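Peer 1: Per the deposited numbering, the sequence shown starts with residue 21, numbered consecutively.
One structure follows; several queries about it will come next.
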Amino acid sequence: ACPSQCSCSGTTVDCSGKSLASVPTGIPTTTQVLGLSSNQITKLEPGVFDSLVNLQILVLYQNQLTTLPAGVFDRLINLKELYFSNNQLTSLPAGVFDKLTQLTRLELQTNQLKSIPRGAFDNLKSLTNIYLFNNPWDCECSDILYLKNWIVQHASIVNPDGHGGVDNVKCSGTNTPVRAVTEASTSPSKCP
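This is the structure in structure tokens:
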């Protein structure tokens, strides 16, 4: 059955724009597309998505999330697209994307991210487009070096489709490109 606060169309569950603070309980396990955008979600509980083994698209755009619980996406082995822009994310858990081998699209723009955990994208061997602009990347901290190395390596897939490319991943304050950060200019002690 469709959750009372959402609208359902086939295997798509549209819970967007309903002033929700919580993900509904009892989303059908056959769901392939889950829209949660434009709500009031500030915190996801551990395991909130574990049932959604058939999910291919997850939309969390325009909420107020600041962190994620460890393992939150681990059961989403069929995910192809993750739309997580326009939240307030300040960090990502280690390993958070490790199970998303089919992911082609990852949207992280317009958050509060300072760095990406080392190796976070290691298993994303289908990824064709990632968005990272409009985050206050902390280029004084040595934690930035993985992101720098990864965007330099994979420059063609960063911020495509008119979003400024690899150069639009910018250091907070100085506004210089993250891709130009040198190891010697960073410090492990200048890390919040």
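Beta carbons: idealized from backbone N, C-alpha and C, even for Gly.
Among 161, 192 and 126, which residue has its Cα nearest to the Cα of residue 180?
Peer 2: Measuring from the Cα of residue 180, the nearest candidate turns out to be 126.
Peer 1: Go ahead and pull the three-state DSSP assignment for residue 190.
Peer 2: Strand, per DSSP.
Peer 1: Checking the sheet assignment: what are the DSSP bridge partners for residue 103?
Peer 2: DSSP lists 79 and 127 as partners of residue 103.
Peer 1: To the nearest angstrom, report how far apart residue 199 and residue 160 are at their CA atoms.
Peer 2: Straight-line Cα distance between these residues: approximately 13 Å.
Peer 1: If you compare alpha carbons, which of 58, 123 and 163 is closest to residue 177?
Peer 2: The option with the nearest alpha carbon to residue 177 is 123.
Peer 1: Specify, as a first and last residue, the run of the alpha helix (DSSP H) that residue 171 falls within.
Peer 2: Run containing residue 171: 165–173, per the alpha helix (DSSP H) assignment.
Peer 1: To the nearest angstrom, how far is the alpha carbon of residue 29 from that of residue 202?
Peer 2: C-alpha separation (whole angstroms): 50 Å.
Peer 1: List the whole-angstrom C-beta distance separating residue 64 from residue 102, where the pair is believed to meet the contact cut-off of C-beta under 8 Å.
Peer 2: Contact flag wrong, Cβ pair sits at about 13 Å.
Peer 1: In angstroms with no decimal places, state the Cα-to-Cα distance between residue 48 and residue 158.
Peer 2: Distance between the alpha carbons of residue 48 and residue 158 is about 40 Å.
Peer 1: In terms of residues, what are the limits of the beta strand (DSSP E) holding residue 53?
Peer 2: Taken as a continuous stretch (DSSP letters only), the beta strand (DSSP E) holding residue 53 covers 53–55.
Peer 1: Select from 86, 185 and 45 the residue whose C-alpha is nearest the C-alpha of residue 172.
Peer 2: Among 86, 185 and 45, the Cα nearest to that of residue 172 belongs to 185.
Peer 1: What is the DSSP secondary structure of residue 73, reduced to helix, strand or coil?
Peer 2: Coil at residue 73, not helix or strand.
Peer 1: If we ignore side chains and look at the alpha-carbon of each, how far apart do residue 204 and residue 197 end up?
Peer 2: Near 16 Å, if we compare the C-alpha coordinates of residue 197 and residue 204.
Peer 1: Decide if residue 206 is buried, meaning its Cβ has at least 16 other Cβ atoms within 10 Å, or exposed.
Peer 2: It counts as buried.
Peer 1: Look at the alpha carbon of residue 143 and the alpha carbon of residue 42, and state the distance between them as a whole number of angstroms.
Peer 2: Going from the Cα of residue 143 to the Cα of residue 42 covers about 29 Å.
Peer 1: Taking only three categories from DSSP, how would you classify residue 198?
Peer 2: Note: residue 198 maps to helix in three-state DSSP.
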